[PDB]
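Participant: Take this structure, written in structure tokens, and hold onto it; I'll ask about it next.
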Amino acid sequence: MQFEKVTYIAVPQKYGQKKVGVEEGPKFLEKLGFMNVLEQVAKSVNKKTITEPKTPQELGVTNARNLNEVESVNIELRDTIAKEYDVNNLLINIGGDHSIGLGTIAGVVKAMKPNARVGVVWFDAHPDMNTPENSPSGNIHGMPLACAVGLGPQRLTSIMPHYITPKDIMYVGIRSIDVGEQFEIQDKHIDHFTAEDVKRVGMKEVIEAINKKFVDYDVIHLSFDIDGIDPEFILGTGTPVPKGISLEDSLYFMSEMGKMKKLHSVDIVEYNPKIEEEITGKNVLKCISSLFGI
Amino acid sequence: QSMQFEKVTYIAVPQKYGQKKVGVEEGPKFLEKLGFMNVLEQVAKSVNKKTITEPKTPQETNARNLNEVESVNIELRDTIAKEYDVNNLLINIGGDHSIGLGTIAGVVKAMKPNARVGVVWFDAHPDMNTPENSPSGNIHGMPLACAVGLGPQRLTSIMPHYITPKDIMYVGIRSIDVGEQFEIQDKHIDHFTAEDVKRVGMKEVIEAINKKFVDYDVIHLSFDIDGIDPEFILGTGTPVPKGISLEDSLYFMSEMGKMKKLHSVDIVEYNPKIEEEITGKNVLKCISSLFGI
Ligand SMILES: NCCC[C@H](N)C(=O)O
Ligand SMILES: NCCC[C@H](N)C(=O)O
Ligand SMILES: [Mn+2]
Ligand SMILES: [Mn+2]
Ligand SMILES: [Mn+2]
Ligand SMILES: [Mn+2]
């Protein structure tokens, strides 16, 4: 409903993938009235901008591309979130590519006591459980949730104060799954509704599954990749994938996520307005509004 | 930049009730669409935005919508008193110029009572009318009169203590009512009209500001966009010709921004429902110049 404040962290990060422009997602959501949405929810908005790295993209064969830039940003992001996270208020991270999700889950973990049970809802076309060794792309944005559970290189996994586990993850709308990511989902029994599962069961039952799963957890964190949503509605994204979640289901999802007492932090990620601006931009904002119940 | 700060306090003030025309309450919202936040992002990594509550009563004598201008200026004063900071920058975005009472009130309330607060008031209008001598009854023509203690009790009492006429530097004034002219001659209020600015050059306005506030603790800048010529600024309720050129307004903001005493700025009277893109962009160029971009 209403909050004393909303912490808004702009995270201009493109270095988790190859395509330019996703660093300008915060800027472009601001042009389309993001601040005015937050103005319906809190009279106070503490915006933090995470420093944009300005080194050239390395674009050749590499198993983890621009590690320095993804490291530096996730460290700064974790630290900012640790200071600003608040179970009485809402923190919203706007990306930036999904390599920030390491930084964001790291931050939430760092804010809590070590005995705190942190749940993660990961709404996405991709599980992002690749490692540098099994990654087809070397794009670190495919690796973050692997890094959070301790699978990955030392410089990323060490950003976690301690690791979360596979049993703390609820995947929603996953479809594009690599071989190494499929291994983790079957081997670790990671709860998930694929896009196809969502269609069959109905997004109502995804919510009951989220609510029943995190009953004994302290906090929930939502990492919302816009490309979990069908490309009919979301074009401004670097890796679109068909048969996604409908916009209708994404708004119902955000509506019911927003009503969870445990939910105090949200990432909105992978908006590249240089790919597509107005249609995508507006639909992202409808999802964000639904989260706040506007 | 230009200048870096630890933070910038951004107070959105959606106030239309100081005048008649709808849409000036949406100035903050519309500056945000045109990239205001991204401008502040060049200056501080932190932005604490505060939204002053928009009154939602119908628009209604000698002082129009007193309740709404009172309630907003009280909330604005109080917010500023908590957030004002001589090491950082506070920027108020209006809203009509009836908020300038609230903003000067806030700066005064933030300082110790013995503090000398200077005011640079860049505007086509002196805004020194009282309810009795006002042609319009629009409270946005009255705030600076209220600040010096001329006006009704419910507005003048918002000041912890009053500023005086000798604390005001007017820049670009041209449209002057009879009662406002009385105050300028009678109280010897320092001023450069738009015509004076042209003749002397905006460099000498700055030297006059710098030499005048040498003994003061802080300066506050209240910047009405209609002080700027209507060639460049159309989205404003009361435009007035022969104003300050955009070139001079950017040089003005550049040199204002470099004043050690300047820690607070109002940007006021943007009505994007009158005109949006041209005006909106030029307002932002002025704001960027203030930060030295
Ligand atoms: N978030 C996109 C992931 C795409 C692919 N699994 C990769 O690792 O490149
Ligand atoms: N801010 C515009 C002022 C207009 C006129 N002096 C009045 O008091 O109505
Ligand atoms: Mn992702
Ligand atoms: Mn994805
Ligand atoms: Mn004015
Ligand atoms: Mn004016």
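Following the order of the structure tokens, chains are lettered A, B, ..., residues in each are numbered from 1, and ligands are numbered from 1.
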Which residues are near ligand 1 in this structure, taking near to mean any atom at most 7 Å from a ligand atom and counting only C-alpha atoms and all ligand atoms? Format them as a PDB file with N, CA, C and O atoms, in the first residue's frame.

Facilitator:
```pdb
ATOM      1  N   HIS A  98      20.833  -8.826 -16.163  1.00  0.00           N
ATOM      2  CA  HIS A  98      20.523  -9.642 -14.989  1.00  0.00           C
ATOM      3  C   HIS A  98      21.760 -10.145 -14.222  1.00  0.00           C
ATOM      4  O   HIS A  98      21.609 -10.853 -13.239  1.00  0.00           O
ATOM      5  N   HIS A 126      15.016 -17.379 -18.616  1.00  0.00           N
ATOM      6  CA  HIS A 126      16.205 -18.120 -18.318  1.00  0.00           C
ATOM      7  C   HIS A 126      16.453 -18.394 -16.850  1.00  0.00           C
ATOM      8  O   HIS A 126      16.170 -17.558 -16.034  1.00  0.00           O
ATOM      9  N   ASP A 128      19.434 -18.616 -15.512  1.00  0.00           N
ATOM     10  CA  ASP A 128      20.670 -17.919 -15.161  1.00  0.00           C
ATOM     11  C   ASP A 128      21.512 -18.695 -14.151  1.00  0.00           C
ATOM     12  O   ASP A 128      21.998 -18.146 -13.159  1.00  0.00           O
ATOM     13  N   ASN A 130      24.111 -20.735 -15.355  1.00  0.00           N
ATOM     14  CA  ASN A 130      25.293 -21.169 -16.072  1.00  0.00           C
ATOM     15  C   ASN A 130      26.508 -20.791 -15.260  1.00  0.00           C
ATOM     16  O   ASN A 130      26.458 -19.900 -14.417  1.00  0.00           O
ATOM     17  N   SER A 135      28.873 -22.188 -20.106  1.00  0.00           N
ATOM     18  CA  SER A 135      28.113 -21.097 -20.713  1.00  0.00           C
ATOM     19  C   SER A 135      28.344 -21.087 -22.215  1.00  0.00           C
ATOM     20  O   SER A 135      29.496 -21.103 -22.653  1.00  0.00           O
ATOM     21  N   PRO A 136      27.257 -21.034 -23.012  1.00  0.00           N
ATOM     22  CA  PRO A 136      27.421 -20.865 -24.464  1.00  0.00           C
ATOM     23  C   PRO A 136      27.953 -19.485 -24.880  1.00  0.00           C
ATOM     24  O   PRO A 136      28.622 -19.376 -25.908  1.00  0.00           O
ATOM     25  N   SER A 137      27.673 -18.454 -24.082  1.00  0.00           N
ATOM     26  CA  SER A 137      27.942 -17.062 -24.469  1.00  0.00           C
ATOM     27  C   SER A 137      29.146 -16.418 -23.790  1.00  0.00           C
ATOM     28  O   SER A 137      29.732 -15.485 -24.345  1.00  0.00           O
ATOM     29  N   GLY A 138      29.485 -16.880 -22.582  1.00  0.00           N
ATOM     30  CA  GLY A 138      30.339 -16.117 -21.670  1.00  0.00           C
ATOM     31  C   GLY A 138      29.733 -14.806 -21.143  1.00  0.00           C
ATOM     32  O   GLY A 138      30.461 -13.940 -20.639  1.00  0.00           O
ATOM     33  N   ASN A 139      28.407 -14.659 -21.243  1.00  0.00           N
ATOM     34  CA  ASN A 139      27.728 -13.470 -20.747  1.00  0.00           C
ATOM     35  C   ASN A 139      27.402 -13.717 -19.281  1.00  0.00           C
ATOM     36  O   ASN A 139      26.614 -14.605 -18.946  1.00  0.00           O
ATOM     37  N   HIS A 141      25.539 -12.371 -17.269  1.00  0.00           N
ATOM     38  CA  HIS A 141      24.102 -12.274 -16.938  1.00  0.00           C
ATOM     39  C   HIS A 141      23.332 -13.605 -16.989  1.00  0.00           C
ATOM     40  O   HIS A 141      22.182 -13.664 -16.544  1.00  0.00           O
ATOM     41  N   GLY A 142      24.011 -14.650 -17.425  1.00  0.00           N
ATOM     42  CA  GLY A 142      23.427 -15.974 -17.450  1.00  0.00           C
ATOM     43  C   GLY A 142      23.879 -16.803 -16.254  1.00  0.00           C
ATOM     44  O   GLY A 142      23.321 -17.831 -15.956  1.00  0.00           O
ATOM     45  N   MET A 143      24.842 -16.266 -15.522  1.00  0.00           N
ATOM     46  CA  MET A 143      25.467 -16.894 -14.386  1.00  0.00           C
ATOM     47  C   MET A 143      25.106 -16.482 -12.945  1.00  0.00           C
ATOM     48  O   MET A 143      25.326 -17.235 -12.043  1.00  0.00           O
ATOM     49  N   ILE A 177      16.416 -23.021 -21.388  1.00  0.00           N
ATOM     50  CA  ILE A 177      17.201 -23.686 -20.349  1.00  0.00           C
ATOM     51  C   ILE A 177      18.383 -24.380 -21.026  1.00  0.00           C
ATOM     52  O   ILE A 177      18.163 -25.238 -21.870  1.00  0.00           O
ATOM     53  N   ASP A 178      19.617 -24.011 -20.673  1.00  0.00           N
ATOM     54  CA  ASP A 178      20.809 -24.736 -21.145  1.00  0.00           C
ATOM     55  C   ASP A 178      20.973 -26.083 -20.453  1.00  0.00           C
ATOM     56  O   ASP A 178      20.318 -26.363 -19.453  1.00  0.00           O
ATOM     57  N   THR A 239      17.671 -10.676 -25.092  1.00  0.00           N
ATOM     58  CA  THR A 239      17.421 -12.085 -25.352  1.00  0.00           C
ATOM     59  C   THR A 239      15.932 -12.442 -25.209  1.00  0.00           C
ATOM     60  O   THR A 239      15.541 -13.120 -24.269  1.00  0.00           O
TER      61      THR A 239
END
```

Participant: Any idea which chain A residues end up within 6 Å of chain B if we count only C-alpha atoms, as a list in words please?

Facilitator: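 The complete set of qualifying residues is residues 31, 32, 33, 43, 44, 45, 46, 47, 48 and 49 of chain A.
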
Participant: Write the residues you've just listed into a file as a PDB file, in the first residue's frame, and include N, CA and C atoms for each of them.

Facilitator:
```
ATOM      1  N   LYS A  31      11.987   8.646 -18.092  1.00  0.00           N
ATOM      2  CA  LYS A  31      11.293   9.441 -19.140  1.00  0.00           C
ATOM      3  C   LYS A  31       9.814   9.071 -19.247  1.00  0.00           C
ATOM      4  N   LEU A  32       9.485   7.802 -19.043  1.00  0.00           N
ATOM      5  CA  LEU A  32       8.109   7.324 -19.191  1.00  0.00           C
ATOM      6  C   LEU A  32       7.285   7.424 -17.906  1.00  0.00           C
ATOM      7  N   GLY A  33       7.853   8.035 -16.869  1.00  0.00           N
ATOM      8  CA  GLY A  33       7.118   8.413 -15.661  1.00  0.00           C
ATOM      9  C   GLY A  33       7.298   7.518 -14.452  1.00  0.00           C
ATOM     10  N   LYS A  43       5.893   9.334  -0.285  1.00  0.00           N
ATOM     11  CA  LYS A  43       6.257  10.730  -0.436  1.00  0.00           C
ATOM     12  C   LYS A  43       7.775  10.917  -0.486  1.00  0.00           C
ATOM     13  N   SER A  44       8.530   9.918  -0.018  1.00  0.00           N
ATOM     14  CA  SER A  44       9.989   9.950  -0.041  1.00  0.00           C
ATOM     15  C   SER A  44      10.552   8.886  -0.969  1.00  0.00           C
ATOM     16  N   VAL A  45      11.488   9.307  -1.810  1.00  0.00           N
ATOM     17  CA  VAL A  45      12.220   8.407  -2.662  1.00  0.00           C
ATOM     18  C   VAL A  45      13.692   8.756  -2.529  1.00  0.00           C
ATOM     19  N   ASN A  46      14.459   7.799  -2.007  1.00  0.00           N
ATOM     20  CA  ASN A  46      15.906   7.904  -1.937  1.00  0.00           C
ATOM     21  C   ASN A  46      16.441   7.140  -3.127  1.00  0.00           C
ATOM     22  N   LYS A  47      16.852   7.883  -4.147  1.00  0.00           N
ATOM     23  CA  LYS A  47      17.479   7.297  -5.307  1.00  0.00           C
ATOM     24  C   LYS A  47      18.973   7.193  -5.062  1.00  0.00           C
ATOM     25  N   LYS A  48      19.517   6.023  -5.382  1.00  0.00           N
ATOM     26  CA  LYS A  48      20.945   5.811  -5.459  1.00  0.00           C
ATOM     27  C   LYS A  48      21.275   5.415  -6.880  1.00  0.00           C
ATOM     28  N   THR A  49      22.308   6.031  -7.456  1.00  0.00           N
ATOM     29  CA  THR A  49      22.870   5.557  -8.720  1.00  0.00           C
ATOM     30  C   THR A  49      24.156   4.787  -8.498  1.00  0.00           C
TER      31      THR A  49
END
```

Participant: Compute the set of protein, DNA and RNA residues whose minimum atom distance to ligand 3 is at most 10 Å, using only C-alpha atoms and all ligand atoms, and state it as a PyMOL selection string.

Facilitator: chain A and resi 97-101+122-129+141-145+174+223-228+239+269-270

Participant: If we count only C-alpha atoms, what is near region 211-217 of chain B at a cut-off of 9 Å, once residues fewer than 6 positions away on the same chain are taken out, given as a list in words?

Facilitator: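 Answer for this query is residues 111, 115, 116, 117, 118, 119, 167, 169 and 261 of chain B.
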
Participant: Would you name the residues within 9 Å of ligand 2, counting only C-alpha atoms and all ligand atoms, and put them as number ranges by chain?

Facilitator: B: 18-19, 96-98, 123-131, 133-142, 175-177, 180, 224, 226, 237-239, 269

Participant: Got time to write the residues from that selection, N, CA and C atoms, as an mmCIF file, in the first residue's frame?

Facilitator:
```cif
data_model
loop_
_atom_site.group_PDB
_atom_site.id
_atom_site.type_symbol
_atom_site.label_atom_id
_atom_site.label_comp_id
_atom_site.auth_asym_id
_atom_site.auth_seq_id
_atom_site.Cartn_x
_atom_site.Cartn_y
_atom_site.Cartn_z
ATOM 1 N N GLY B 18 -1.792 29.028 -6.256
ATOM 2 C CA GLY B 18 -1.346 30.421 -6.286
ATOM 3 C C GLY B 18 -1.759 31.222 -7.514
ATOM 4 N N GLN B 19 -2.351 30.562 -8.507
ATOM 5 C CA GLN B 19 -2.917 31.234 -9.688
ATOM 6 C C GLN B 19 -4.100 30.411 -10.243
ATOM 7 N N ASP B 96 3.539 26.914 -8.977
ATOM 8 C CA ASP B 96 3.547 28.372 -9.173
ATOM 9 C C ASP B 96 4.370 29.083 -8.088
ATOM 10 N N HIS B 97 4.585 30.394 -8.230
ATOM 11 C CA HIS B 97 5.557 31.085 -7.384
ATOM 12 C C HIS B 97 5.046 31.429 -5.984
ATOM 13 N N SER B 98 3.818 31.033 -5.646
ATOM 14 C CA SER B 98 3.351 31.053 -4.260
ATOM 15 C C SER B 98 4.104 30.095 -3.327
ATOM 16 N N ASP B 123 12.876 36.778 -12.094
ATOM 17 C CA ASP B 123 11.434 36.796 -12.382
ATOM 18 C C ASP B 123 11.067 37.997 -13.281
ATOM 19 N N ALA B 124 9.976 37.891 -14.043
ATOM 20 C CA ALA B 124 9.394 39.084 -14.715
ATOM 21 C C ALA B 124 8.652 40.000 -13.711
ATOM 22 N N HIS B 125 8.201 39.396 -12.605
ATOM 23 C CA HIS B 125 7.364 40.029 -11.602
ATOM 24 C C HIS B 125 8.077 40.123 -10.257
ATOM 25 N N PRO B 126 7.902 41.239 -9.527
ATOM 26 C CA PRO B 126 8.462 41.296 -8.175
ATOM 27 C C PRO B 126 7.745 40.426 -7.126
ATOM 28 N N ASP B 127 6.488 40.059 -7.391
ATOM 29 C CA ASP B 127 5.672 39.279 -6.456
ATOM 30 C C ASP B 127 5.626 39.899 -5.060
ATOM 31 N N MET B 128 5.386 41.205 -5.044
ATOM 32 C CA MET B 128 5.300 41.994 -3.824
ATOM 33 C C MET B 128 3.905 42.597 -3.663
ATOM 34 N N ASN B 129 2.895 41.961 -4.239
ATOM 35 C CA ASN B 129 1.534 42.432 -4.059
ATOM 36 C C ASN B 129 1.036 41.931 -2.726
ATOM 37 N N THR B 130 0.040 42.644 -2.212
ATOM 38 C CA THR B 130 -0.708 42.238 -1.048
ATOM 39 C C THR B 130 -2.140 41.986 -1.520
ATOM 40 N N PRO B 131 -2.933 41.221 -0.740
ATOM 41 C CA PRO B 131 -4.353 41.021 -1.090
ATOM 42 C C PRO B 131 -5.117 42.308 -1.413
ATOM 43 N N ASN B 133 -3.871 45.323 -2.654
ATOM 44 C CA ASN B 133 -3.457 45.998 -3.904
ATOM 45 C C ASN B 133 -3.274 45.074 -5.120
ATOM 46 N N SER B 134 -3.666 43.806 -4.982
ATOM 47 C CA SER B 134 -3.464 42.815 -6.037
ATOM 48 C C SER B 134 -4.557 42.969 -7.087
ATOM 49 N N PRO B 135 -4.172 43.042 -8.376
ATOM 50 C CA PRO B 135 -5.182 43.050 -9.438
ATOM 51 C C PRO B 135 -5.918 41.708 -9.607
ATOM 52 N N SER B 136 -5.258 40.601 -9.259
ATOM 53 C CA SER B 136 -5.761 39.260 -9.553
ATOM 54 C C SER B 136 -6.344 38.502 -8.367
ATOM 55 N N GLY B 137 -5.870 38.808 -7.156
ATOM 56 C CA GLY B 137 -6.050 37.911 -6.002
ATOM 57 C C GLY B 137 -5.298 36.574 -6.109
ATOM 58 N N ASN B 138 -4.306 36.484 -6.998
ATOM 59 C CA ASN B 138 -3.519 35.265 -7.158
ATOM 60 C C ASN B 138 -2.366 35.336 -6.167
ATOM 61 N N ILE B 139 -2.347 34.416 -5.210
ATOM 62 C CA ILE B 139 -1.364 34.478 -4.134
ATOM 63 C C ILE B 139 0.087 34.373 -4.669
ATOM 64 N N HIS B 140 0.285 33.836 -5.884
ATOM 65 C CA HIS B 140 1.628 33.761 -6.491
ATOM 66 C C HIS B 140 2.269 35.116 -6.833
ATOM 67 N N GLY B 141 1.469 36.188 -6.773
ATOM 68 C CA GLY B 141 1.969 37.560 -6.876
ATOM 69 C C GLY B 141 2.326 38.172 -5.533
ATOM 70 N N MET B 142 2.192 37.398 -4.455
ATOM 71 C CA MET B 142 2.339 37.889 -3.085
ATOM 72 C C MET B 142 3.428 37.298 -2.188
ATOM 73 N N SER B 175 7.346 43.438 -15.489
ATOM 74 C CA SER B 175 5.929 43.661 -15.185
ATOM 75 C C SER B 175 5.777 43.963 -13.687
ATOM 76 N N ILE B 176 5.606 45.246 -13.371
ATOM 77 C CA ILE B 176 5.600 45.740 -11.991
ATOM 78 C C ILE B 176 4.277 46.441 -11.730
ATOM 79 N N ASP B 177 3.479 45.974 -10.768
ATOM 80 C CA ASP B 177 2.255 46.685 -10.351
ATOM 81 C C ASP B 177 2.589 47.918 -9.518
ATOM 82 N N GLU B 180 3.800 47.199 -5.971
ATOM 83 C CA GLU B 180 5.134 46.611 -6.015
ATOM 84 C C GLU B 180 6.191 47.681 -6.303
ATOM 85 N N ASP B 224 12.023 31.969 -11.452
ATOM 86 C CA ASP B 224 10.778 31.880 -12.206
ATOM 87 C C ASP B 224 11.227 31.843 -13.647
ATOM 88 N N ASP B 226 9.610 32.531 -16.273
ATOM 89 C CA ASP B 226 9.102 33.647 -17.076
ATOM 90 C C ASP B 226 9.916 34.938 -16.954
ATOM 91 N N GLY B 237 2.342 30.584 -17.255
ATOM 92 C CA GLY B 237 1.007 31.186 -17.227
ATOM 93 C C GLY B 237 0.950 32.671 -17.549
ATOM 94 N N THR B 238 1.974 33.407 -17.121
ATOM 95 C CA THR B 238 2.073 34.850 -17.308
ATOM 96 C C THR B 238 3.387 35.231 -18.008
ATOM 97 N N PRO B 239 3.509 34.920 -19.312
ATOM 98 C CA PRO B 239 4.704 35.326 -20.061
ATOM 99 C C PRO B 239 4.722 36.833 -20.295
ATOM 100 N N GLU B 269 6.954 27.916 -12.092
ATOM 101 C CA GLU B 269 6.019 28.427 -13.109
ATOM 102 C C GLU B 269 6.170 27.773 -14.490
#
```

Participant: Which is closer to ligand 6 than all the others in B:265, B:145, B:225, B:158, using only C-alpha atoms and all ligand atoms?

Facilitator: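 Among the listed residues, B:225 lies closest to ligand 6.
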
Participant: Counting only C-alpha atoms, which of A:23, A:205, A:84, A:216 gets nearest to residue 274 (chain A)?

Facilitator: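 Between A:23, A:205, A:84, A:216, the residue approaching residue 274 (chain A) most closely is A:23.
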
Participant: Got a sec to tell me which of region 5-108 of chain A DSSP assigns to helix (DSSP H, G or I), as a PyMOL selection string?

Facilitator: chain A and resi 22-31+34-38+67-84+100-108

Participant: Go ahead and dump the residues you just picked, C-alpha atoms, as a short mmCIF file (atom, residue, chain, number, x, y, z; two decimals), in the first residue's frame.

Facilitator:
```cif
data_model
loop_
_atom_site.label_atom_id
_atom_site.label_comp_id
_atom_site.auth_asym_id
_atom_site.auth_seq_id
_atom_site.Cartn_x
_atom_site.Cartn_y
_atom_site.Cartn_z
CA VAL A 22 20.37 -1.87 -21.33
CA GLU A 23 22.49 0.44 -19.11
CA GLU A 24 20.00 3.20 -20.01
CA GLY A 25 16.91 1.30 -18.75
CA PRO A 26 16.65 3.40 -15.55
CA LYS A 27 17.01 6.65 -17.50
CA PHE A 28 14.31 5.55 -19.97
CA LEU A 29 11.85 4.28 -17.36
CA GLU A 30 12.30 7.76 -15.82
CA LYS A 31 11.29 9.44 -19.14
CA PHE A 34 8.70 5.92 -13.25
CA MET A 35 9.19 8.62 -10.60
CA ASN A 36 5.51 9.55 -10.84
CA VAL A 37 4.61 5.87 -10.18
CA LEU A 38 6.75 5.84 -7.00
CA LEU A 67 34.29 -9.80 -15.04
CA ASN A 68 35.92 -6.62 -13.62
CA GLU A 69 32.85 -4.53 -14.47
CA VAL A 70 30.30 -7.08 -13.18
CA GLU A 71 32.38 -7.53 -10.01
CA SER A 72 32.76 -3.80 -9.27
CA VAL A 73 29.05 -3.09 -9.86
CA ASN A 74 27.73 -6.04 -7.79
CA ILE A 75 30.04 -5.12 -4.86
CA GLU A 76 28.81 -1.49 -4.88
CA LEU A 77 25.22 -2.71 -5.32
CA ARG A 78 25.46 -5.26 -2.44
CA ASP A 79 26.94 -2.65 -0.14
CA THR A 80 24.36 0.03 -1.01
CA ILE A 81 21.50 -2.46 -0.51
CA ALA A 82 22.94 -3.63 2.83
CA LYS A 83 22.77 -0.04 4.09
CA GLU A 84 19.35 0.75 2.55
CA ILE A 100 23.10 -7.40 -11.15
CA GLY A 101 20.86 -10.07 -9.54
CA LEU A 102 23.99 -11.45 -7.86
CA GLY A 103 24.61 -8.00 -6.38
CA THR A 104 20.96 -7.64 -5.34
CA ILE A 105 20.59 -11.03 -3.63
CA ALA A 106 24.02 -10.42 -2.03
CA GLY A 107 22.78 -7.12 -0.63
CA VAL A 108 19.59 -8.60 0.85
#
```
